């Protein structure tokens, strides 16, 4: 169907009455397509709450993770909410909001496998393209091979199939994958490889929208909306401390 690409200021957005939100749709329980193929998750609930507070109809676009920030800067959407940890490198190309959650990257292996970064000496480590996991895997010494996947759930599948020794992913993502697939007795979560603060992105320089997102997120944090949505997905409050 195609769409009109434009980096829009908040005033232009407000004038149209709708806001375009980019996400991935392959990172359960943050953003994913459910069993009746509808987009949902923590970040989808958060984005819709933000849109509602701002008085705007949300329009969601799911696309592959590796080009979300690319297509954001090209004008495909107004902001992205797709679990991006804030990094110096990414901040050169997009502006981040205040983080909407805090989390960490974690080692996951089959029951007898690697627990610590040092255990990764000589091992095959699967990670998703363009992630902070692939960043940290490239910097852990003595890994035999970093295998990079287009989608995070496919790295998990290669771990289950015994084609890699370890999968590095988000701690909440690993937690829920194991539960929902009943792999408590087959997978083992190891140590936290790093910690990160995860934020929404807008196109480099889009301060007016950045301001409006930061104001809405603060209100959701203060008025109880954030707390309900976090409790809904995690049974705990995941905001940054």
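Residue numbers count along the first chain shown, from 1.
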query = Would 7-15 or 20-28 have the larger average of its C-alpha temperature factors, as given in the entry?
reply = 7-15
ask   = Comparing 39-47 with 202-210, which stretch shows the greater average C-alpha B-factor in the deposited entry?
value = 202-210
query = Based on the PDB record, which member of 126, 130, 85, 114 exhibits the highest Cα temperature factor?
reply = 114
task = Could you tell me which one of 139, 100, 151, 76 shows the highest CA temperature factor in the PDB record?
result = 139
key: Third assignment of residue 157 from its chain's C-alpha B-factors   = middle
query = In terms of the CA temperature factor given in the entry, to which third of its chain does residue 121 belong: lowest, middle or highest?
reply = highest
query = According to the PDB entry, is the CA B factor of residue 107 in the bottom, middle or top third of its chain, that is, lowest, middle or highest?
reply = middle
query = According to the PDB entry, is the CA B factor of residue 143 in the bottom, middle or top third of its chain, that is, lowest, middle or highest?
reply = highest
ask   = So where's residue 196 on the chain's Cα temperature factor ranking, which third?
value = middle
